[PDB]
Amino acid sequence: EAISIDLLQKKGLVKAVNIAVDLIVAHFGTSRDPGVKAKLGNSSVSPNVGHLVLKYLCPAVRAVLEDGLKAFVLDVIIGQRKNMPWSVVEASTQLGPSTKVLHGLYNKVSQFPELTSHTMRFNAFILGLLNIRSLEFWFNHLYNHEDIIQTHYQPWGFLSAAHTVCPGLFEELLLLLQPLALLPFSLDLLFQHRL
């Protein structure tokens, strides 16, 4: 019953997130003035926080969501569907207690006519998670939905193998993400579009 895993390959996924969190933290500088921090966190005032999130964090996070992601899933209601990180987002942002905001964010990025692509929707979603201090929250919510994970991932995918073979490494990932929730983000969800 053995799943084949290269731990270094899985570490690679987390490493890219680490690098992105570091760059984003470096950008917020060492000022102790909260007003300065809010400016550095505002993508209109500081386009650079938007660039960092877009070019480093979004692809590192997408790569996690892509690892061992099934090409297709067979939906009970819809039939066969192309399966993408955005599909996993839809699955893991359904309305329930304690997830109203998360669902609202899914809905609002879904409705933007400016976005025109599922990868762009995914990116706006990440920008959104940062605004509401919930990037780690969402990841942890995703992990704990074993039904979403069995649906969308192969056993060797990181989000799946996390439960079985390498739970510590996924704990690292969540820990790495934690201080993003402390940063005064104010990101335009349409930042990618406006570039």
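In case it trips you up, residue 1 is the first one in the sequence shown, and so on.
Mean temperature factor over C-alpha atoms, higher-scoring stretch between 163 to 171 and 138 to 146: According to the PDB entry, the answer is 163 to 171.
On average, are the C-alpha B-factors higher in 84 to 92 or in 105 to 113? Stretch with the higher mean C-alpha B-factor: 105 to 113.
Per the entry's Cα B factor values, which of 32, 39, 133, 152 stands out as the maximum? Out of 32, 39, 133, 152, the record gives the largest C-alpha B-factor to 32.
Give the position of residue 21 by CA B-factor within its chain, expressed as the lowest, middle or highest third. For residue 21, whose C-alpha B-factor we compare with every modelled residue in the chain, the answer is the lowest third.
C-alpha B factor of residue 44, ranked within the chain: lowest, middle or highest third? As the PDB entry reports it, the C-alpha B-factor of residue 44 lands in the highest third of its chain.
Rank-wise, by C-alpha B-factor, drop residue 6 into the lowest, middle or highest third of its chain. For residue 6, whose C-alpha B-factor we compare with every modelled residue in the chain, the answer is the lowest third.
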